[PDB]
Amino acid sequence: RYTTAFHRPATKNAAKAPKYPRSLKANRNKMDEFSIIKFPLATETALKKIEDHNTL
RNA sequence: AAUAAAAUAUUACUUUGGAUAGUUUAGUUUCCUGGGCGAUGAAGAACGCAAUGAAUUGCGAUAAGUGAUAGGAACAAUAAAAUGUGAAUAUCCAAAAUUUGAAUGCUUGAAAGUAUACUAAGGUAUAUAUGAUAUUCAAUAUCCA
């Protein structure tokens with residue numbers, strides 16, 4: 001056979017087919033555009049950059 | 001010999017201290033009823049959430065609270081709003097339940113992380129041992145055309 005090693009033969013690998021859902025968690029993303037940004041920084045230092053550097 | 005500053009003695013009042021007396025939403029012991037946790041993720045730990053909170057308490061991205069069932073007019077430190085078209089309050093109920101932790105895809109020091117499959121992001125599954133069933137195989141191990 002031209003090889004001195006015996007490995008585990010390849011067998012059929014079926015894909016997972018569960019008979020009932022594992023989790024029923026509702027499909028709602030809790031990290032949306034509203035929750036990501038809490039509020040702008042309204043300090044004097046943060047208000048100075050909004051004219052020149054065009055930054056928020 | 002002499003004076004009473006100091007020194008000493010008693011009482012009243014004040015002071016320092018917190019004994020004594022009155023008191024208890026705290027304990028101790030005995031007895032009665034149970035002894036009702038967890039891969040459907042426990043106990044424990046961390047972080048976060050109140051209009052003004054640091055602890056504590058309650059809770060989990062629906063946050064000092066949501067729905068439902070009872071309940072019937074409050075809360076309060078200060079403002080506000082909502083409120084008999086139902087406020088406080090209670091519950092062996094329903095929804096929801098961040099990071100961890102037996103911790104279980106892999107790694108974890110105070111580590112930031114990360115692979116595949118299914119259903120760009122998000123969510124599920126994938127540890128080890130193990131019983132049953134199905135299925136793909138390995139061994140001339142026993143026969144055998």
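Got a number for residues in segment A:19-54 being over 24 Å from the mean Cα position of the chain (by Cα) and not aliphatic (A, V, I, L, M)?
12
Looking at (1) loosely packed, with under 10 Cβ neighbours inside 10 Å; (2) in a loop (DSSP other than H, G, I, E, B), which is the only condition A:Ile50 fails?
Every condition holds for A:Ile50 apart from (1).
Quick one: would you say A:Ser35 is among the polar types (S, T, N, Q), near RNA strand B (Cβ under 9 Å from one of its atoms), in a helix (DSSP H, G or I) and loosely packed, with under 10 Cβ neighbours inside 10 Å?
Against the criterion (among the polar types (S, T, N, Q), near RNA strand B (Cβ under 9 Å from one of its atoms), in a helix (DSSP H, G or I) and loosely packed, with under 10 Cβ neighbours inside 10 Å), A:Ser35 qualifies.
Output the number of residues of segment A:38-47 satisfying the condition of being surrounded by 10 or more Cβ atoms within 10 Å (Cβ to Cβ) and either hydroxyl-bearing (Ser, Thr, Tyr) or not in a loop (DSSP other than H, G, I, E, B) (or both).
Final tally of qualifying residues: 2.
Out of A:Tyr20, A:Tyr2, which single residue is at positive phi and part of a loop (DSSP other than H, G, I, E, B)?
A:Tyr2
Any read-out appearing in this document is the output of simple, stated calculations on the displayed coordinates, not a laboratory observation. Note that each Cβ is placed from the backbone with ideal geometry, even for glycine, and that neighbours are counted across all protein chains shown.
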